[PDB]
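Below are the chains, spelled out letter by letter.
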Amino acid sequence: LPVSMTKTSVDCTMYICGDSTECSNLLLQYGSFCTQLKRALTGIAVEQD
Amino acid sequence: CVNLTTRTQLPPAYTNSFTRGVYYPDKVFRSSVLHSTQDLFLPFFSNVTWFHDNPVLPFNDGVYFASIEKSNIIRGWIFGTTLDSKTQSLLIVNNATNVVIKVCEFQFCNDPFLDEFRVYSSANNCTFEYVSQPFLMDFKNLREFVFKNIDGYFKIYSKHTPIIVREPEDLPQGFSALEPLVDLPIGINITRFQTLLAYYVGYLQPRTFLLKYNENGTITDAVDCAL
Amino acid sequence: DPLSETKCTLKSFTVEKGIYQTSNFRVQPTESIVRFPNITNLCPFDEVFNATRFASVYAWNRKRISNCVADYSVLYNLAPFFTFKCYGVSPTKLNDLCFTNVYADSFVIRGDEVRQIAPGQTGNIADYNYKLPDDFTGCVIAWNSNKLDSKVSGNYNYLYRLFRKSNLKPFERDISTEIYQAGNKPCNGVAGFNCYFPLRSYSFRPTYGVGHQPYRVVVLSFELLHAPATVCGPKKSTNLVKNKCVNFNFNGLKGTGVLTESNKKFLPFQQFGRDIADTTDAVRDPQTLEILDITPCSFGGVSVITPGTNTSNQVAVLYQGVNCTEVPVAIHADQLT
Amino acid sequence: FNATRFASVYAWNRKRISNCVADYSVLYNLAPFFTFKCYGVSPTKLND
Amino acid sequence: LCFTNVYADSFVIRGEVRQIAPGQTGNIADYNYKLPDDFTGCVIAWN
Amino acid sequence: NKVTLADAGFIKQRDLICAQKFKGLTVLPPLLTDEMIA
Amino acid sequence: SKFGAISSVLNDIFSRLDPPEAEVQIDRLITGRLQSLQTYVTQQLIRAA
Amino acid sequence: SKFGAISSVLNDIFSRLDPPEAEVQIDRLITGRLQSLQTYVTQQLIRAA
Ligand SMILES: *[C@@H]1O[C@H](CO)[C@@H](O[C@@H]2O[C@H](CO)[C@@H](O)[C@H](O)[C@H]2NC(C)=O)[C@H](O)[C@H]1NC(C)=O
Ligand SMILES: *[C@@H]1O[C@H](CO)[C@@H](O)[C@H](O)[C@H]1NC(C)=O
Ligand SMILES: *[C@@H]1O[C@H](CO)[C@@H](O)[C@H](O)[C@H]1NC(C)=O
Ligand SMILES: *[C@@H]1O[C@H](CO)[C@@H](O)[C@H](O)[C@H]1NC(C)=O
């Protein structure tokens, strides 16, 4: 029976805006998407332990 | 006034195309990456026209070419739409030192050979000129060629292998990816081609492939998605 | 401090006892490297824009530009340039990009058909004479030529095709003139009913209004880099700095990373190099002709371990995925950041 | 086209012609057709 | 609508008149007159 | 020896499948190691 | 994926197109990558359940 | 549903308008249909759980 899963962490300011351009200033006006995605991933990482 | 040599008829036989006709579609280095390509390729296990001869063969999508000769007998290629001194005609020759590529509306003998060279008897307007390293090298000596004309370019893919292959129609198996040699920015329309002097004539078509790059970036295998 | 950063990420003034994943650190580049090829020869724009006589609409010329340094700022005063609508590329960033295949066209049309030479738009000169593709990148330049191409009796060397079987494929020419069949009886060289000459002539005398005067059009169809770049812009070169985080600009390809030795077995026709995804991993120097692998800068997750503001104020910083011999020690010069 | 008496050029009539299909292919049985130089839409684009 | 701080720049340029826009370059933009990138006003021309 | 793990949350130093770290995908190691589960 | 834009790379858009028209296509990639991250987070939440 | 475009018929956009603004009015339909398919797949995955 499976018990645990892997714990992944996603960097939004390197995945969407690939850290070589200056589109991170355009990502701040999109709200709080990557706050709740990081919080959901942190909660998943807590639940896997 | 032409040096015509009457040849026998000998209607051409057909052989198989196991894994040949695969080139490098782009100039991007990939290593240990399986990649898909929607470029014009040769279909796997298809019929190529075996000759043992210089007919008037159409072009119409691009042409794969192969040759197995010990000495350099097959030596040149002629391209164009209508070879009747009304449209531009691309020319490729392989002398002992260089390769002379000219785009003129030539008038030449209907069955020409090089060693006389009734291939450049008249010339009016030289549109392009090109002199570089020889395309060929200076039972054995497999010489494969991929010719296609798309987006104003005449790209030539080639690779030479010293094969030891027997006498029947047994165009050899295994994989050998043809590397690009030149790309000429010509806007010529090509609907027919002729050869100069056992060769093979292939026909390309848009197919989907699944390429396989090794740790060195050499294409070791491919999978045709419509066989 | 990381305590107030944890307070800012949680949007509160009192944090609780536990670990919190704050924002991440990034090793920022210090220099900027621009590397352009060896060429210095100016692009032949005097033989294209300032030519004496252009061609017709159905028989337009195609000038091939390769291995040149194209300065586009000198084109603004040789001609008035009353329209500079560029499709896909901005006109201001054109001097900082390297091109591969630059094909220059040349024809002269009427003043009310400047809207027709465009992607997608049809008409009489863009349906039977010169069709632009729906993915056409480049600029369409046109200026008024009432003082150089309008005879008082009328110029008659400029023609246009009004009768043609089907719509032309993109970037094609039709210079064959025959009597267009449109009726029952074959024409056989008779200009009767439903048998018309295709190449109708123009008429340009300086008495018409602005809109029927002839306009000299030079279409610059560009092809961006997927190959060795022949045509580039007037940008100065910079000495290549390796083993450090720099902002690289290789023939228009920009980015940020560390350029080192690649040790790859590149073939002499390949310029770029990629990874599992479709991003640039390897690159070739246009001046040294050596291959370099592009590696992103040092980074990682930053976690702040706090015992809570109700007990203490000191915290502990956890750099996730970073070896302890690769912790950023460059905090001494943070004014350079 | 196939009438009997025509009007003068100072008393030229104007009949409003509408609400049909417009077949322009009946203009071929006459005298050999000295003038069809159009100033607008092409003759091949009249039937659409 | 309503505004707070309405300014009025007075200058006469020949033409060259389209180089005052933000982004458009020339001998007016970086030498004579510069419009901001967040320009939220009017540009009215005369004869 | 029959379940081949991919990353296991360890520190990263011819490119492997772990090139997703450069695009922002980082795998965290578990709190309880296998020596503690044993 | 381009998501209706002219290039998938974020670096050859701002050096190609001007501040105004660059935005239309930067947002086309941002709203595509955010949707991909949202689908990944939703499927990871279902797998965690 | 047209998702804000001119119509919900695919060939009517090509017949009504022309290439430059046809793709700005058909991507709004394609992205909307992809989002509806992703919503259907997410709801079917919840129902499968
Ligand atoms: C571009 O200019 C350089 C400068 O002479 C040419 O030669 C290179 O010189 C540097 C320093 O002397 C060497 O490290 C390179 O190996 C040289 N390059 C080659 C290909 O030998 C260079 O040949 C010129 N051309 C190109 C295409 O780079
Ligand atoms: C090739 O042609 C031969 C006869 O010309 C035929 O028997 C054979 O089936 C053909 N091959 C294919 C794959 O159709
Ligand atoms: C790839 O490179 C290695 C190292 O030189 C070599 O041993 C191997 O034979 C090469 N493979 C091919 C297919 O060339
Ligand atoms: C971290 O650095 C040390 C010091 O050289 C090295 O021995 C070790 O292999 C590195 N990696 C890990 C995962 O500890």
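Residues numbered from 1 in each chain as written, not as in the entry; some residues may be left out. Chains lettered and ligands numbered in written order. Part of a larger assembly, values for the part shown. Heavy atoms only, no water.

- Per the PDB entry, the recorded name for chain E is Spike glycoprotein, and the organism is Severe acute respiratory syndrome coronavirus 2.

### Here's the deal with the overall build of chain E
Next up, step 1: Tallying secondary structure elements over chain E gives 0 helices and 0 strands in all.
Next up, step 2: Projecting the C-alpha coordinates of chain E onto the three principal axes gives extents of approximately 35 × 25 × 15 Å.
Next up, step 3: For chain E, the accessible area works out to roughly 4,800 Å², and carbon and sulfur atoms hold 54% of it. (Helix = DSSP H or I, 4+ residues; strand = E, 2+ residues; numbered from the N terminus. Areas by Shrake-Rupley, 256 points an atom, 1.4 Å probe, with all protein chains shown as cover.)

### Structural notes on the sheet that holds strand 3 (residues 34-37) of chain B
Residue and element names in this part refer to chain B.
Next up, step 1: One open sheet accounts for 3 strands, arranged 3-18-19; its pairing is antiparallel. The sheet terminates laterally at strand 3 and strand 19 (219-224), the two strands that pair on one side only. Ignoring strand direction, the axes of neighbouring strands in this sheet form an average angle of 25°.
Next up, step 2: In this structure, strand 3 lies alongside strand 18 (residues 209-213), joined through 4 bridges in antiparallel fashion. (Pairing = 2+ DSSP bridges. Axes fitted to C-alpha atoms, helices over the stretch in contact; angles between N-to-C directions.)

### A few points about the environment of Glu105 of chain B
Residue and element names in this part refer to chain B.
Next up, step 1: Topologically, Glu105 is positioned in the loop between strand 10 (99-104) and strand 11 (129-132).
Next up, step 2: Spatially, the C-alpha atoms of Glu105 and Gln88 are 4.4 Å apart, while their sequence positions differ by 17 residues.
Next up, step 3: Here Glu105 is in contact with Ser85, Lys86, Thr87, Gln88, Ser89 and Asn124, once residues within four sequence places are set aside.
Next up, step 4: Polar side-chain contacts of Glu105 include one of 3.3 Å to the side chain of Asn124. (Contact = heavy atoms within 4.5 Å. Polar contact = N/O pair within 3.5 Å; in protein donor to acceptor, adjacent residues only side chain to side chain.)

### What to know about the interface of chain A and chain G
Next up, step 1: Every contact between the two is made by 21 residues of chain A and, on the other side, 19 residues of chain G.
Next up, step 2: For the pair chain A and chain G, the summed buried area comes to about 1,900 Å², and 74% of that belongs to carbon and sulfur atoms.
Next up, step 3: Taken as a group, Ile16, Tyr30 and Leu37 of chain A account for 30% of the area that chain A buries against chain G, more than any other trio of residues on that side.
Next up, step 4: For the interface between chain A and chain G, the tally reads 0 salt bridges.
Next up, step 5: Where chain A packs against chain G, one counts 5 residue pairs in polar contact.
Next up, step 6: Going through the elements one at a time, strand 1 (7-10), helix 1 (12-15) and helix 2 (33-48) of chain A are the ones with two or more residues in the side of chain A that touches chain G.
Next up, step 7: Ranked by residue count, the leading element in the side of chain A that touches chain G is helix 2 of chain A, at 7 residues. (Buried area = accessible area lost by both parts, 1.4 Å probe. Salt bridge = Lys/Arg side-chain N within 4 Å of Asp/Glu carboxyl O.)

### Examining unusual backbone geometry
The phi angle of most residues is negative, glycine excepted, and most peptide bonds adopt the trans form.
Residue and element names in this part refer to chain C.
Next up, step 1: With a phi angle near 60°, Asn243 is a residue other than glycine that sits in the positive phi range.
Next up, step 2: With respect to the element layout, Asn243 can be found in the loop between strand 12 (214-221) and strand 13 (245-250).
Next up, step 3: The exposure class assigned to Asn243 is exposed, which follows from its relative accessible area of 52%.
Next up, step 4: In this structure, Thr337 takes a positive phi of about 55° despite not being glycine. (Buried < 20%, exposed > 50% of the residue type's maximum accessible area, 1.4 Å probe, protein only.)

### Some remarks on the side chain of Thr22 of chain C
All names here are of chain C.
Next up, step 1: Structurally, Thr22 can be placed in the loop between strand 1 (18-21) and strand 2 (25-26).
Next up, step 2: By relative accessible area, which is 3% here, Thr22 ends up buried.
Next up, step 3: Here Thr22 is in contact with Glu5, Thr6, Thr9, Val302 and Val304, once residues within four sequence places are set aside.

### Side note on a nonpolar patch on the surface
Next up, step 1: Residues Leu37, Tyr40, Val41 and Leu45 of chain H make up a contiguous nonpolar surface patch of about 360 Å² in total accessible area.
Next up, step 2: Secondary-structure assignment places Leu45 of chain H in helix 2 (residues 19-48). (Patch = residues over 30% accessible without salt bridge, like charges linked within 9 Å, V, L, I, M, F, W, Y side chains within 5 Å.)

### Description of the state of the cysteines
Residue and element names in this part refer to chain C.
Next up, step 1: Within the structure shown, the criterion is met by 3 disulfides over all chains.
Next up, step 2: Each sulfur of the disulfide joining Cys98 and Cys232 lies 2.0 Å from the other. Judged by the sign of its S-S torsion, about 115°, the cystine formed by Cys98 and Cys232 is right-handed. In this pair, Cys98 is assigned in the loop between strand 5 (83-87) and strand 6 (102-110) and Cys232 in the loop between strand 12 and strand 13, connecting sequence segments 134 residues apart.
Next up, step 3: For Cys232, a relative accessible area of 4% corresponds to the buried category.
Next up, step 4: The closest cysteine sulfur to the non-disulfide-bonded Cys324 is located on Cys297, 19 Å from its own sulfur. (Disulfide = S-S within 2.5 Å.)

### A closer look at the packing of helix 2 of chain A against helix 2 (residues 19-48) of chain G
Next up, step 1: Look at helix 2 of chain A against helix 2 of chain G: their axes get within 11 Å of each other, and the N-to-C directions meet at 25°. Compared by their axis directions, helix 2 of chain A and helix 2 of chain G come out roughly parallel. The element helix 2 of chain A and its partner helix 2 of chain G pack so that their crossing is left-handed. Across the interface between the two elements, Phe33, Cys34, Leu37, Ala40, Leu41, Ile44 and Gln48 of chain A from helix 2 of chain A touch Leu34, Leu37, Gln38, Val41, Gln44, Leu45 and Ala48 of chain G from helix 2 of chain G.
Next up, step 2: Residues of the contact of helix 2 of chain A with helix 2 of chain G, tallied by class, amount to 11 nonpolar, 3 polar and no charged. (Parallel < 35°, antiparallel > 145°, perpendicular 65-115°, else oblique. Left-handed = near helix turned anticlockwise from the far one by under 90°. Nonpolar A, V, L, I, M, F, W, Y, C, P; charged D, E, K, R; others polar.)

### Comments concerning helix 2 of chain A
Residues and elements named next belong to chain A.
Next up, step 1: For helix 2, built from 16 residues, the straight-helix expectation of 22 Å at 1.5 Å per residue is met to within 8% by its first-to-last C-alpha distance of 23 Å.
Next up, step 2: Among the residues of helix 2, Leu37, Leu41, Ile44, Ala45 and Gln48 are the ones counted as buried. The arc that holds the buried residues of helix 2, viewed along the axis, is 100°, so those residues lie on one side. When the buried face of helix 2 is taken as reference, the exposed residues oriented beyond 90 degrees from it are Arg39, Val46 and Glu47. (Expected span 1.5 Å × (residues − 1). Arc of directions from axis to C-beta.)

### Quick look at the environment of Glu215 of chain B
Residue and element names in this part refer to chain B.
Next up, step 1: Looking at where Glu215 falls in the secondary structure, it is placed in the loop between strand 18 and strand 19.
Next up, step 2: Judged by its relative accessible area of 60%, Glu215 falls in the exposed class.
Next up, step 3: It is 36 Å that separates the C-alpha atoms of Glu215 and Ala198, two residues lying 17 residues apart in sequence.

### Quick look at the site of ligand 3
Next up, step 1: The local shell around ligand 3 consists of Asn214, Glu215 and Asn216 of chain B together with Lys265 of chain C.
Next up, step 2: More than a single chain frames ligand 3: its nearby residues are located in chains B and C.
Next up, step 3: One of the side-chain nitrogen or oxygen atoms of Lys265 of chain C is found 2.7 Å away from an oxygen atom of ligand 3.
Next up, step 4: Tallied by class, residues from the shell around ligand 3 come to no nonpolar, 2 polar and 2 charged. (Near = heavy atom within 4 Å.)

### Observations concerning the environment of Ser66 of chain C
Next up, step 1: When you line up the elements, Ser66 of chain C lands in the loop between strand 4 (61-65) and helix 2 (75-78).
Next up, step 2: Linking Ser66 of chain C and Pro91 of chain C, residues 25 residues apart in sequence, is a C-alpha distance of 20 Å.

### Looking at the packing of aromatic side chains
Next up, step 1: Applying the stated criterion to the full structure yields 45 aromatic pairs over all chains.
Next up, step 2: Between the aromatic rings of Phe65 of chain B and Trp77 of chain B, the centroid separation amounts to 5.7 Å while the plane-to-plane angle is 90°, which identifies the pairing as edge-to-face. Here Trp77 of chain B lies in strand 8 (residues 76-80) and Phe65 of chain B lies in strand 7 (residues 63-68), a separation of 12 residues in the sequence. Of the two residues, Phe65 of chain B and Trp77 of chain B, both sit in the buried class.
Next up, step 3: A ring pair is formed by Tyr76 of chain C and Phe81 of chain C, whose centres lie 6.0 Å apart and whose planes are at 80°; its orientation type is edge-to-face.
Next up, step 4: By relative accessible area, which is 38% here, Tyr76 of chain C ends up partly exposed.
Next up, step 5: Counting every residue linked through ring pairs, the aromatic cluster contains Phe51, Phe59, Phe65, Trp77, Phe79, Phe145, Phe147, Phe154, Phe193 and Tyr199 of chain B.
Next up, step 6: The positively charged end of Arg173 of chain C is found above the aromatic ring belonging to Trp60 of chain C, 5.1 Å away from the centroid. (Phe/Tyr/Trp six-rings, centres within 6.5 Å; stacked < 30°, edge-to-face > 60°. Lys NZ or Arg CZ within 6 Å of the ring centre and 35° of its normal.)

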